[PDB]
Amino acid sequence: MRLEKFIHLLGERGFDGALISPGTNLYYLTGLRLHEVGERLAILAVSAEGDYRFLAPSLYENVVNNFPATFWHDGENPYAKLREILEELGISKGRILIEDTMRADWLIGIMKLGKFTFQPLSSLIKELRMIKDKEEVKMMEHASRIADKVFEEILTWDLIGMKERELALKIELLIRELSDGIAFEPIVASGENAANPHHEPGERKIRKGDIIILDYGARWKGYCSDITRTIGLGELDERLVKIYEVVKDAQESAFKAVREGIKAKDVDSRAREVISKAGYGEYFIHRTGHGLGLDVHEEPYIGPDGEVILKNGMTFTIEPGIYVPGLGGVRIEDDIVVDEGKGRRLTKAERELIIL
């Protein structure tokens, strides 16, 4: 049904076709999934008329099921074969949508097969992927359920002495155990390192007294979860305990505001104001949230620049944070789904400050 909706939407927006290399969008529209495609040209070509063909390396004739295809064997010019395909479908010229993540070398090669006008596929597909259907929500529900479970397990561990990279690897192995895989490289940021929202787990040793930001996500049948919890080891510096309660308040506040009809930026503003009123406005160095589904980061964005009007089915995160250089940081993130016109938490893990 999706591929057909996409096709109708293609015409409604004036595009003649689309070229979609493997990845989340391809999967979304067809269920097709190729293992490590790398350099080998693999492309779903779609016409606004209704026809479509998937060009792929002979090596994938098994995974493609019976999806209309045309294979190319090594020694052949994938680009020439694509050109023929573009002709049969009648799109060897015109405005063509291009998968956002496709390799530049493939696009360069595609540029020689005809005279086209290009635009990123996301500019149009986001309209469909932003509103999750019932099954997609169920899948995200389980991914979030697993993220909750992983958190519970982490708390039974003895963190002291562990190095960030080490804790992150344990989290990662657990996620790979409980799910289809990590949604992204887990992030463990301890002590003063928690002050960097984009910290990359390293050699720092976790010690008593350290605040720790735990950020990770699982994947279930392709759908992602993305959670973040901040815990403390022993007694935390008093300045960080105060900060925590503030972020907690901001996150719950932003969540309650979630309603069908409000702009994404208003949700961000609702968490933003709580943090400003407490005097930490300058330390909240990022958007309040981002959407998720087949990817960790997708529409709609929950920042001061989010223009999307929330609607039932949309899924995104709420994770305001406060980062103080030389001291640390705190972030509390939940995956939220707009349901029955109201915000509903997909992740249930403990929100109160936990001191191991």
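The first residue of the sequence shown is number 1, and the count goes up from there.
Look at the C-alpha B-factors of 117-125 and of 273-281. On average they run higher in 273-281. Higher mean CA B-factor, judged across 88-96 and 249-257 from the recorded values: 88-96. Per the PDB entry, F71 shows the highest C-alpha temperature factor of the residues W106, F184, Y223, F71. Per the deposited coordinates, the residue with the largest Cα temperature factor out of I131, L236, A264, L173 is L236. In the deposited entry, the Cα temperature factor of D339 places it in the middle third of its chain's modelled residues. Sort the chain's modelled residues by C-alpha temperature factor and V37 lands in the highest third, per the entry. Annotation for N312: CA B-factor lies in the middle third of the chain's modelled residues.
When the CA B factors of the chain's modelled residues are split into thirds, the value for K149 lands in the middle one.
Among all modelled residues in this chain, the alpha-carbon of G161 has a temperature factor (C-alpha) in the middle third.
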